[PDB]
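Shown below, as structure tokens, is a lone chain in the form deposited in one PDB entry; questions about how it binds or moves come after it.
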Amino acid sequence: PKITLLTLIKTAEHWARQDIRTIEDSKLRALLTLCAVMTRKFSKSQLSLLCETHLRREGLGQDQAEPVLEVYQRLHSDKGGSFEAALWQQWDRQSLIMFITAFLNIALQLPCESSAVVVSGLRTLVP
């Protein structure tokens, strides 16, 4: 199966509605990759909104704004999956589960662009 943009979305849709509390680590690791790839499909200007929506959904305090944003920024700028690998090792299983579940749900709802000029023009094309 070819990993097109659409296939990537469809995959996120499926796993967003799954109970992943008792999946294998092999699939959990892949889901983290899915989150990283998806993060890089958003403009860097949307990371702050992604962080905001994450805090809101999971009911985290504003004290977690800095660390949650950092995770998204370093995923967005990750190369060779070095940070993604660190995140896997450093965090426990449950923490990764909740983070992944949150993102997959958020990602499908948030716009991938913030630029007003770009958004204004793209809205004229939407069927």
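Numbers for residues come from their place in the sequence shown, where the first is 1. Think of the rigid core as the biggest set of C-alphas that the two forms share within 1.5 Å after superposition.
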query	finding
Mean temperature factor over C-alpha atoms, higher-scoring stretch between 57-65 and 95-103	57-65
Mean C-alpha B-factor comparison - 19-27 and 111-119, higher one	19-27
B-factor third for the C-alpha atom of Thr39 within its chain	lowest
Record-listed C-alpha B factor of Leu6: chain third	lowest
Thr33 CA temperature factor, ranked by third within the chain	lowest
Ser77 by Cα B-factor - lowest, middle or highest third of the modelled chain	middle
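The protein also exists as the form deposited in another entry; that form is not presented, and the subsequent description refers to it.
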item	value
Only residue that shifts (Cα, 2 Å or more, rigid core superposed) between this form and the one not shown, among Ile23, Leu110, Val119, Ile9	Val119
